[PDB]
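The residues making up each chain are set out below.
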Amino acid sequence: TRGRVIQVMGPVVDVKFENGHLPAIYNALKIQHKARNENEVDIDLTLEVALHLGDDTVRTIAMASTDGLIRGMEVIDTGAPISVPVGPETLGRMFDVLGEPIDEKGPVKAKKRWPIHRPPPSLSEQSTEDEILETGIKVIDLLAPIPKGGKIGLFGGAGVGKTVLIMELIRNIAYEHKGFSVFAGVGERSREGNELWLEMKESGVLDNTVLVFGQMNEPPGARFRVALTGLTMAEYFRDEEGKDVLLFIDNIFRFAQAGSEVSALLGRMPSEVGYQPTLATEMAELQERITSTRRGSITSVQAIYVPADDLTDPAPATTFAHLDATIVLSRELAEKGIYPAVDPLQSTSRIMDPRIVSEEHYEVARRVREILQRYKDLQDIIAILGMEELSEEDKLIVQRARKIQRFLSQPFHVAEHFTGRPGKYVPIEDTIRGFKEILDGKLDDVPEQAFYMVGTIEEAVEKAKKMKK
Amino acid sequence: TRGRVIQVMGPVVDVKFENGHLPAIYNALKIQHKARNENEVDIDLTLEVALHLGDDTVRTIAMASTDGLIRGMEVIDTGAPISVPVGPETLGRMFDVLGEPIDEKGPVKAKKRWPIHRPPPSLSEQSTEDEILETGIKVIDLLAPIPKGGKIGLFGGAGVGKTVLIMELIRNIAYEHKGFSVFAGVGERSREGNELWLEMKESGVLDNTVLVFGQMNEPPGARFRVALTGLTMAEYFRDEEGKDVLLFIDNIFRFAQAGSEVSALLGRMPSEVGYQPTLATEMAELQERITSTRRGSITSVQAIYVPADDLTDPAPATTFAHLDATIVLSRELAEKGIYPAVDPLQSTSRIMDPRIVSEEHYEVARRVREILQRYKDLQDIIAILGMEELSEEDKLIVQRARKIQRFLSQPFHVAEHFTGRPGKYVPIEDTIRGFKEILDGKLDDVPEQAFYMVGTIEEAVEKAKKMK
Amino acid sequence: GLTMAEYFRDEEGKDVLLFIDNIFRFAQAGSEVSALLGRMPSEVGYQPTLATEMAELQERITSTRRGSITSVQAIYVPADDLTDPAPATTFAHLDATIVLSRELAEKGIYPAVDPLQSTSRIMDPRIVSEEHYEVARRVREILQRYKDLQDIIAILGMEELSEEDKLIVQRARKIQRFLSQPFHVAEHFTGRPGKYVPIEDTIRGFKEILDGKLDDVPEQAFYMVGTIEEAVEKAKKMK
Amino acid sequence: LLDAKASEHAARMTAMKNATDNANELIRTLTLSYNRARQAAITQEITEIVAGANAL
Amino acid sequence: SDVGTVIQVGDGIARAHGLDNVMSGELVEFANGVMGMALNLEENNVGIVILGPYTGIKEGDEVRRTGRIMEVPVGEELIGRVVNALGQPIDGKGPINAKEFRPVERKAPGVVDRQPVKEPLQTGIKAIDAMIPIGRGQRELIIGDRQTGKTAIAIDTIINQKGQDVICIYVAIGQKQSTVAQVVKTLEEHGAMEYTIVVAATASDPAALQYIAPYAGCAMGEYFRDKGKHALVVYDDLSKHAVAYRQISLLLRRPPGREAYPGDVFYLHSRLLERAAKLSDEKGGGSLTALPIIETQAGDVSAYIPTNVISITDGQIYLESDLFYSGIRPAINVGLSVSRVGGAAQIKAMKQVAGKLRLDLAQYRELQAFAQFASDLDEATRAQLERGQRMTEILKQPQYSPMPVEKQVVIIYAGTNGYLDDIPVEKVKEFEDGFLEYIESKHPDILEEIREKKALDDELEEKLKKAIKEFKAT
Amino acid sequence: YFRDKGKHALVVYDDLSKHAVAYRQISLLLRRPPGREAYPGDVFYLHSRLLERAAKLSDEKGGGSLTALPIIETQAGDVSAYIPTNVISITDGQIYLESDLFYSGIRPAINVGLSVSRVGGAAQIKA
Amino acid sequence: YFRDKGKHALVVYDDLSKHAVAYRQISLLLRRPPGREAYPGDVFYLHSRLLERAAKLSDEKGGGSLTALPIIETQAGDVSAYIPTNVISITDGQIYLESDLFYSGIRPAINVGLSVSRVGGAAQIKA
Ligand SMILES: Nc1ncnc2c1ncn2[C@@H]1O[C@H](COP(=O)(O)OP(=O)(O)O)[C@@H](O)[C@H]1O
Ligand SMILES: [Mg+2]
């Protein structure tokens, strides 16, 4: 029924309901007030119920600014959680955490609205048909294959290339897989939401993609529930349309920091290094709903900020448990000009077994990690002592590792404007064939410079000639 | 007289009294209830009073599980602390923290019970006649002597031979000293307690020993009070019988940890590294009763677990404030095949001064520590370069050190199921004479292998002739 | 004390010296009081008002168009940690900051001032001579280069360091002790008369060591001497 | 020259062995100081949580 | 009265008025149908921990006492089923009609109720059964980095138990439903579900169910021990179980201790692991063995929870991230892994060859580092190096393929006596498969003698029969 | 005001660390529940609601601009602290100053191998 | 009493480290909020109020004296700990004893590189 505002302290609001009944936990509440006189301000606010307190009273987290609120203001119970539009009408549109459109294109007019808090699929509804999702990116498809219905994490510091790698993956799925994608900008910088919206509106990829953002300047309650809004929109395409869809989440670190801020605002005791006591429960409520079932599949690419180079921080550490594959991006590779800057020695996946991928794929990826590690074990000796002191076998091992290290580099379409390089997509058969031909020592009398930024290996062979060598 | 449970929170239970008076602090309470219907469970429980709360209410710590308790259940005040039987009828017996017999041998039927919380001896009752206790163990008796009425710390990892050495000391006191021993176990693996019980039951030592157990799986209230039960049983032998008795504590680190858990449950504010604020007070209540008087004496050997292999931790640091001596069982000695494993360079005692022990005892112990350190300072030249390059003085020092290092070894009586060796006992005069005879260069011809696992020095001389 | 020093500035227009042996005690006294007043504690148990209380004292200690207050203050650093809320809050208010190191004191170098953490507002090319600025720059740099080498000298033998690093170590060794001086107020502790050194002889002294004119003089001759001419006769007093 | 090469290789080997040994004791001692500095700081943060929660 | 009313609801914790006659630890039921534990009894309220979705519970809802302490169904009816932490079925194979229910809280066996372990538990892994023996009442810890093979070793152990009279219980605490489904299908593909029970509390289940899961799985394991049979219990990760208890304790406002865990953590795991034991012949001679698993960050074994469980258990199996990525399986660190209670229970036939294996690998593991170059070391050390490399190849084994004890004895006997000293390192795996099929297809007398005598009497037949294989088919 | 009228503006905040301390003081005296390093949970929203107002507008809005240069002080080099990591995550790039480079004679004292700007390349001229 | 009547006295405190632990216990049981190393904020006033009563009085007061010799215990040689540095800040000098030198056959084992007195030189005889 109708309740009244009792307390206001930053993003936290307390409401009393009295007669009828109290709202449920996670239920959405609405405040709609028109200024009764010139000393007041008009307010339009949404609140999420977090806990029951006694005396017919409830504590809530505000979804927007609490400035201008007054004690005794009327509050309305919607009878359900935050509900967002679902369907094909949501394609090519930008959204807020509450599912209202941000763009001036008009009302979405969708046929149905789904709640943000629903139960995940059951153990019976789980499928076990593991296979590989081809990305067209030569480092991921070899060293850390993506399982359909699985989760892939991108770990690194600032300026390594996480958002550009996510933008190129969104393009490639819309190019050859012709699937539907969802991007959830959890705590997104408004400068970056503008660059994602412009790349997709001009490249045409936007017509097959859903954008959910909110803003990094919104209160913590909004930064916390936004990843569920993108997920609830991606669930409809799997469950009601039976499709295979890709969900991109940029920086779940902001998701973890926002649950911490909400727990601190509600008065819970701090856990390890000041995070919320419920961190593992909250991370899982989002990661579990992403799975392949007998109806269809949701796969996910996630970026994770590593604060101060420490992978032992609770936020990165709780995330590792739900990752089928792992990619670590090294700042040392990025500044040396090698893009996408993925570390060949720290990237791994669970699907890297002969029972799930070809014997030729498994054998090549093994020979690559081995020769790279052998070269890492020799770069001290190559610097202090003359290279003329290295044996014949080690000398060839170094040259092959040197060609392979740059052959992992690839020019992206979304990054053509920066360097002017056209952009390339490489199929799995040519990635395996390329590294196999270098490892087998067939292609040795070709200069290292020919393997940097080239796509397939035939393009490297013609480039050697283009450089007159 | 008759209280009623008002609150229940894990081990903590609150009781309100009426029509009479409230119980004293440290006092034991009893709950005996029979299921009134098929929805209830029978319960038999003991609680210890911690503090008075006001409104005729008292807070208590339960000695066993609180599952099945109901608000409003009747409580009986026993009028005094936990009382355990005392007398010579306690020897060769296994007990619980409340003094009830564990073994199926029947009721103990002792003539008196003694409160477990009792004042320690006053300054006017103490004894300053520091003397020594012959253990018959060649490394303890020379390098780290044990004083009558003192506290000794035993250090070593899981599997270095602590249980083997404890049983060897209990057995040795029961063999020639014909004295009484008491062993208390706190926060211990019930499996280890069983391996010790069978090994004692076969070596005949059990008839001269008392066993008390508080297991690693018992609630914090029991793990906290068990060391006091062994001590209250050892005190009767000192006070009413005038004997000299030995108290063993399985791990005083679980004594310390159990007090930390009870403090965290009671809601007191913690101190440095999360131990209880009362760690120093609680350690003293156990440690000061362990003293020698004009009636008789109590001595104690306590094993310490060093958390994270660092001695700066509060429990070890608060324990060392009460200790008189230290014995260290070393992992490097264990892998080398040396079974007693006591480190000759890290073991020490307060008694090891020329104004407590004889001048000759101090001189031999000094010359032994010095030759062993000198040998340890030279094994690099001997290992990296050929042994033919060492000078004559260092070579003779090495030959004496090579014989001495293994002449410190002794086969234990409790080890016959492992290695089959008969076991040896070495008296103080032959320990001093033995090391003196090698140090003074009188016995250098005898081969090195003859000094390993032989007892006295003469046994090494016959072993050299008999091995061929 | 501050209210009495303010009268001479405000109503009499004079230039005054204000000495305070401990402002840390002023901060701890506010900390002891705060729990009993009913306030919530902050980092390391301190009061929520710590920076406001230090500014109520420090903003009054200033020179105006009427007169001037110059002040020397001592700040106790608990457990040798400069990151503690009381010492940390104080650095924002000072025009010059001198930090004293136990490593220098335990080595017998007094007054024990740390050359790499001590600084002042006045250390600008616009406020001091070119010769002063250049000598101070060269001193701070040679001591930092010596600090960056004590690990390499521990892992490898000193005979493995280059000639340039070898000279830098010897000059840094002479400089760290030429910074030592016997005070008049310390004759009971130092066993020496006590000395006063003018700025001209300080600059001339360090320049002469930095330029390598004194390479053939033992490090021990630079300890506890007021001026450079003394170091040279202290070398003569030892064959 | 052959004796010089043998003595050079032996000298570089023995010197680098001592240098490696020196580096390890320095790493051990530094690591104990890193552990003590980090462990000392962690127990204080836990103490602030206790005091802060009891202050409400 | 029997009924009370909710007065406050938080994240999975509730408070209620009434419930006058409820007892400490009793199960209580909500009007919706969800269940909760009565933990704290106060003068005027009861603190309840919710065992399901709390979002359907509101202030003013009716809550009723069940009249029973928290119990889980047990019996023969549970074999070959997948259940939640409260025993409820989650496999869709219909209801369970268990006739016996036992509390999840029981006191472990006393000092005199036990005996030392004298009979082995065969895991089927050539590195464990030879170097890290396991008894039928021992508590061994599996420890290492994430994604290194910790559950694969436990599943390989359960699959090896097909012939022995051991009932296997697998408890999943905070695991992904997908991995749980993959485990249930692997057990069905190998037939292990004919003698296995699977208990689950997945990552989306409330922290209270993840806390109760190991105790419920232990109570099912105790019924077989109380009737004189043998049982095996696996706890998929004690690291997530500690995190789940840390959550409930902080939400009950208890003050933290070391690494933000409560002081009560050690008691949570000692109380659990001390219940696994071999009973005395007077109690019936029954047994229960436990295989807990723990995850270490970056290989740090010195952390609080890892050292806390190392102090409770009887030995550890250490797994390395570096070996797993170096093409080695099961990736066990044999120079650090040891068992204290083992060796006494191991069969005589394995002891006669395990002694040689341990001495040869000790020599190899030390010199292998210095001899990194091809052939600079002398023949006296070269012989050690090649033997170590060849024995390391004999220690390698593929997933879900347990090797029986008799075949383990003959392959380990082949390596430790130098018959493989002329075989190239790359052919050792092909030689092992070919030699075992040769011995089983035409020399079953050797295997049947080892199976019944459990010791090697006369080896002469095996030496002659093996020379015939080497001369005819490499 | 200048941005809304089509002109360019630059805003410097001499120290955001003292601004966070000033908010901690008011919040603790008002009895709001503390979090990490004694600060209120509300402190990320404090600086993000401020720094997101610096932007370059579209041509329909007038093409105006506002750039910001906030400053933060670290205790003994601890970049991993609460307020520093909070503001490092909000900005589009960071310039790191080292006490080590400053005494060694590298005078502006910037750690070029650690400092970063995402806009690099787009901000600069072709030359 | 001796000092107030013109006589000379001396007092020894066997360990001030244990005196501090006793005050920490009483203060935590009265629920006073802790500070550094869980000791109360009042812990400096505890020892400084006791040690400043040791003095040499003026001739008008009688010329009497009271000397003090407090004792403290360091964990692993950590002279830098809170209670140790706190008492060092009140006294007129420190005598530091090394556990390392003591096992090298050296007595009294005083580390002269750290040990010093603030009254020193003046109290000692001219010879
Ligand atoms: N493929 C690439 N080719 C060239 N420059 C790149 C590429 N990927 C990233 N960059 C550069 O580095 C920046 C990466 O910024 P961003 O995507 O925000 O990194 P991150 O989120 O990992 O911190 C880009 O703005 C661009 O300047
Ligand atoms: Mg980034």
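Residues numbered from 1 in each chain as written, not as in the entry; some residues may be left out. Chains lettered and ligands numbered in written order. Part of a larger assembly, values for the part shown. Heavy atoms only, no water.

Structure determination for the deposited model, as stated in its record, used cryo-EM, and the stated resolution is 2.46 Å.

**A word on the overall build of chain B**
Across its full length, chain B holds 13 helices and 16 strands. In terms of its C-alpha atoms, chain B occupies a principal-axis envelope of roughly 90 × 50 × 45 Å. Put simply, of all contacts in chain B between residues at least 6 apart along the chain, 70% involve residues at least 24 apart. When the accessible surface of chain B is totalled, it reaches about 20400 Å², and 49% of it is carbon and sulfur. Computed over 56 positive and 73 negative side-chain charges, the inter-centroid distance for chain B is 3 Å. (Helix = DSSP H or I, 4+ residues; strand = E, 2+ residues; numbered from the N terminus. Contact = heavy atoms within 4.5 Å. Areas by Shrake-Rupley, 256 points an atom, 1.4 Å probe, with all protein chains shown as cover. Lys, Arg positive; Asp, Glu negative; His and termini not counted. Charge placed at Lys NZ, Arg CZ, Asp CG, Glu CD.)

**Section: the interface of chain B and chain E**
Contacts between the two partners involve 37 residues from chain B, matched on the other side by 44 residues from chain E. Of the roughly 3600 Å² buried at the junction of chain B and chain E (both faces included), carbon and sulfur atoms supply 52%. One can count two salt bridges joining chain B with chain E. Between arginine 191 of chain B and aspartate 314 of chain E there is a salt bridge, with the nearest N and O atoms lying 2.9 Å from each other. Remark: the boundary between chain B and chain E carries 15 residue pairs in polar contact. When contributions to the side of chain B that touches chain E are tallied by element, the ones reaching two or more residues are β1 (2-9), α3 (190-202), β12 (209-215), α4 (220-239) and α5 (252-266) of chain B. Looking at the side of chain B that touches chain E, the element that brings in the most residues is α3 of chain B, giving six residues. The residue inventory of the side of chain B that touches chain E, partitioned by class, reads 17 nonpolar, nine polar and eleven charged. (Buried area = accessible area lost by both parts, 1.4 Å probe. Salt bridge = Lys/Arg side-chain N within 4 Å of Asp/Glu carboxyl O. Polar contact = N/O pair within 3.5 Å; in protein donor to acceptor, adjacent residues only side chain to side chain. Nonpolar A, V, L, I, M, F, W, Y, C, P; charged D, E, K, R; others polar.)

**Observations concerning the arrangement of the chains**
Across the twelve pairs of chains in contact, the largest number of contacts is found between chains B and E. At the C-alpha level, the nearest point of chain A lies 17 Å from chain G, with no contact between them.

**Focus: the packing of helix α5 (residues 238-251) of chain E against helix α6 (residues 265-273) of chain E**
Residue and element names in this part refer to chain E. Relative to each other, α5 and α6 sit at 130°, their axes nearing to 10 Å. Between α5 and α6, the angle falls in the class oblique. As for how α5 packs across α6, the hand of that crossing is right-handed. Residue-level contacts link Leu238, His241, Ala242 and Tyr245 of α5 to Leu268, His269, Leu272 and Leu273 of α6. Of the residues belonging to the contact of α5 with α6, the class tally is six nonpolar, two polar and no charged. (Axes fitted to C-alpha atoms, helices over the stretch in contact; angles between N-to-C directions. Parallel < 35°, antiparallel > 145°, perpendicular 65-115°, else oblique. Left-handed = near helix turned anticlockwise from the far one by under 90°.)

**Side note on the sheet that holds strand β16 (residues 338-339) of chain E**
Residue and element names in this part refer to chain E. Spatial ordering of the open sheet is given by β8-β12-β11-β13-β14-β10-β15-β16, a layout of eight strands whose pairing is mixed. Both edges of this open sheet fall to β8 (82-84) and β16, since each of them pairs with a single strand only. Sheet topology places strand β11 (residues 166-175) next to strand β12 (residues 196-202); seven bridges connect them, and they run parallel. Bridging across to β12, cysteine 168 finds its partner in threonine 196. Here helix α3 (residues 177-189) sits on the sheet and contacts β8, β11 and β12; the angle it forms with β12, its principal contact strand, is near 175°. Sheet contacts for helix α4 (residues 207-226): β11, β12, β13 (230-235) and β14 (287-295); angle to β11, the most-contacted strand, approximately 175°. (Pairing = 2+ DSSP bridges.)

**Some points on the interface of chain D and chain C**
Counting from both sides, the interface comprises eight residues of chain D and, opposite them, ten residues of chain C. Taken together, both faces of the contact between chain D and chain C bury some 720 Å²; the carbon and sulfur share is 68%. The interface formed by chain D and chain C holds zero salt bridges in total. Applying the counting rule to chain D against chain C returns one residue pair in polar contact. Tallied by class, the residues present in the side of chain D that touches chain C amount to six nonpolar, one polar and one charged.

**Looking at the pattern of salt bridges**
All chains considered together, the criterion is met by 121 salt bridges over all chains. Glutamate 448 of chain B is the salt-bridge partner of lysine 403 of chain B, the closest N and O atoms lying 2.8 Å from each other. In this pair, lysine 403 of chain B is assigned in helix α11 (residues 392-407) and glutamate 448 of chain B in the loop between α12 (428-439) and α13 (457-466), connecting sequence segments 45 residues apart. Taking the relative accessible area as the measure of exposure, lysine 403 of chain B reaches 1% and is therefore buried. In this structure, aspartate 226 of chain E engages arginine 102 of chain E in a salt bridge whose closest nitrogen and oxygen atoms are separated by 3.1 Å. (Buried < 20%, exposed > 50% of the residue type's maximum accessible area, 1.4 Å probe, protein only.)

**Some thoughts on the side chain of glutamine 302 of chain A**
All names here are of chain A. Here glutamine 302 shows up in strand β16 (residues 297-305). Overall, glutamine 302 belongs to the buried group, its relative accessible area being 0%. Only 3.4 Å separates the side chain of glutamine 302 from the side chain of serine 300, close enough to count as a polar contact. When residues no more than four places from it in sequence are discounted, the contact partners of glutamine 302 are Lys151, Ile152, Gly153, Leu154, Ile249, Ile252, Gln287, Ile290 and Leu323.

**Regarding the packing of helix α2 (residues 162-177) of chain B against α3 of chain B**
Residues and elements named next belong to chain B. At their nearest, the axes of α2 and α3 sit 11 Å apart, and the two run at 35° to each other. Regarding α2 and α3, the two cross each other, and that crossing is right-handed. Each of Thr163, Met167 and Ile170 in α2 lies in contact with α3, whose residues at this interface are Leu196, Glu199 and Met200.

**What about the sheet that holds strand β13 (residues 244-249) of chain B?**
All names here are of chain B. The mixed open sheet is built from eight strands, whose spatial order is β8-β12-β11-β13-β14-β10-β15-β16. The outermost strands of the open sheet, each flanked by one partner alone, are β8 (93-95) and β16 (348-349). With three bridges connecting them, β8 and β12 associate as parallel partners. Among the inter-strand pairings, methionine 94 is bridged to a residue of β12, identified as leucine 211.

**As for helix α11 (residues 228-236) of chain C**
All names here are of chain C. If you check which residues of α11 are buried, you get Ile228, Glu230, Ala231 and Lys234. Each buried residue of α11 lies within a common arc of 150° when the element is viewed along its axis, so the set occupies one face. Of the residues in α11, the exposed ones pointing more than 90 degrees away from the buried face are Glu229 and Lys236. Elements in contact with the buried residues of α11: α8 (163-178) and α10 (199-210). (Arc of directions from axis to C-beta.)

**A closer look at the packing of aromatic side chains**
Throughout the structure, instances matching the rule amount to 32 aromatic pairs over all chains. Where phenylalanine 155 of chain A meets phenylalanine 320 of chain A, the ring centres are 4.2 Å apart and the plane angle is 5°; that geometry is what we call stacked. With a gap of 165 residues between them, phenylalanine 155 of chain A in strand β12 (residues 151-156) and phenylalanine 320 of chain A in the loop between α7 (314-319) and β17 (325-328) connect regions that are remote in the sequence. Of the two residues, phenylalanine 155 of chain A and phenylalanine 320 of chain A, both sit in the buried class. Through a chain of ring-to-ring contacts, three or more aromatic side chains come together here, namely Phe407, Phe435 and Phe451 of chain A. Lying over the aromatic face of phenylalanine 102 of chain F, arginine 107 of chain F brings its terminal NZ or CZ to 3.7 Å of the ring centre. (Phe/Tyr/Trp six-rings, centres within 6.5 Å; stacked < 30°, edge-to-face > 60°. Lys NZ or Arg CZ within 6 Å of the ring centre and 35° of its normal.)

**Overview of the environment of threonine 91 of chain F**
Looking at the element boundaries, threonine 91 of chain F is found in the loop between α3 (82-90) and β3 (93-94). Residue class for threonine 91 of chain F comes out buried when judged on its relative accessible area of 16%. A sequence separation of 60 residues divides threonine 91 of chain F from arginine 31 of chain F, and the C-alpha atoms of the two residues are 30 Å apart. Apart from residues lying up to four places away in sequence, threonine 91 of chain F is in contact with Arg189 of chain A together with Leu51 and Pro70 of chain F. Within the local environment of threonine 91 of chain F, its side chain forms a polar contact with the side chain of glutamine 94 of chain F, the two groups lying 3.0 Å apart.

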